Ligand SMILES: CCCCNc1ncc(C(=O)NC2CCN(CCCF)CC2)c(N[C@H]2CC[C@H](O)CC2)n1
């Protein structure tokens, strides 16, 4: 696990981009092998070796993945400054359009991007499935899929990243069992988020009420002018039993099929 480490001296920090988990997300430049520097994103933190490990364990696993619709890892870095304290860093690639959730809301404004049509909205769904199909076929659970954690690439392509009660599958709220079908649930609500153009899920119902809300058979409503075929797709990701839920490998094609049927 030494191919992924990059010397700190090859990196400079910039402005704070957002606030992520137990750390800060800032901008910076990374000197590459070929001279050129690159705009990147860095996740900075300590709780003994218990927050260091859980932070550098996503990195050690996420690292050797390859997919266009899954965010890639450019390197991890270790600061060790001032008081005799090591602090770690995760070089992530820069996205000049932020995450999909925020970009969805901006579309609603004049200064924001244009009214996003269905094909573009449906396209984003195809991208997330592709990446979620990838991590599925190689036995990785995301455990936190949401348009908040789906950045937008400059080619208007979506990628999955940042490895929330309204997004937990019903069985995972109880049996503490997160599986690849618990992801299928989350991808269904993320499909709702996108169709609404940024609405907080389950309006009216509150976070604690959610378990009883699901155990009685209440799922998300069909949004305004969301197609029938599209809602029955995201509804199918929600069936009470995990094994009756379709998979990422099937969701993608039905989505890819639906997009073609439009002008
Ligand atoms: C954390 C996993 C991905 C990290 N890569 C990454 N790249 C880019 C950004 C980013 O903010 N780009 C902004 C700057 C460009 N836009 C302004 C245009 C006009 F100036 C707005 C968005 C980013 N912000 C994270 C920060 C943590 C948050 O929780 C998710 C998003 N993160």
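Numbering (PDB author numbering), first residue to last: 577 to 621, 625 to 742, 763 to 862. Beta carbons: idealized from backbone N, C-alpha and C, even for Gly.
Under the 8 Å Cβ criterion, the stretch 640-656 counts as touching the stretch 706-722, having at least three qualifying pairs. Partner residues in a beta bridge of residue 692, as assigned by DSSP, do not exist.
Beta bridge pairing from DSSP links residue 588 with 605.
For residue 851, the enclosing alpha helix (DSSP H) covers residues 847-859. If you draw a 10 Å sphere on the C-beta of residue 799, you find fewer than 16 other C-beta atoms in it, and that means exposed. Collapsing the DSSP output to three states places residue 617 in a strand.
Per the C-alpha coordinates, the member of 584, 810, 735, 793 positioned closest to residue 824 is 793.
DSSP, read as helix, strand or coil, puts residue 636 in helix. Short note on residue 596: C-beta closer than 7 Å to some heavy atom of ligand 1.
Pairwise C-beta distances place the stretch 680-696 out of contact with the stretch 654-669, as fewer than three of them are shorter than 8 Å.
The beta carbons of residue 861 and residue 697 sit about 6 Å from each other, so the pair counts as a contact at 8 Å.
A direct Cα-Cα distance of roughly 6 Å separates residue 615 from residue 673. In this chain, the beta strand (DSSP E) harbouring residue 732 covers 729-732. A distance criterion of 7 Å places the beta-carbon of residue 708 beyond contact range of ligand 1, judged by its closest non-hydrogen atom. Secondary structure remark: continuous alpha helix (DSSP H) runs of at least 4 residues inside the stretch 813-849, in chain order: 827-835. The stretch 584-602 makes no contact with the stretch 644-653; the number of CB pairs closer than 8 Å stays below 3. Beta-bridge partners assigned by DSSP to residue 663: none are found. Placement of the Cβ of residue 678 at a distance of less than 7 Å from at least one heavy atom of ligand 1 is found. Boundaries of the beta strand (DSSP E) around residue 736: 736-739.
About 6 Å separates the beta carbons of residue 729 and residue 678, which is inside the 8 Å limit, making them a contact pair. Exclusion of residue 725 from the 7 Å shell around ligand 1 follows from its C-beta lying no nearer than that to any non-hydrogen atom of the ligand. Across the set 822, 732, 733, 725, the C-alpha of 725 shows the shortest separation from the C-alpha of residue 767. A straight line joining the alpha-carbon of residue 784 with that of residue 822 spans about 17 Å.
Residue 801 and residue 607 have their C-alpha atoms spaced approximately 45 Å apart. The Cβ atoms of residue 847 and residue 704 do not sit closer than 8 Å to each other.
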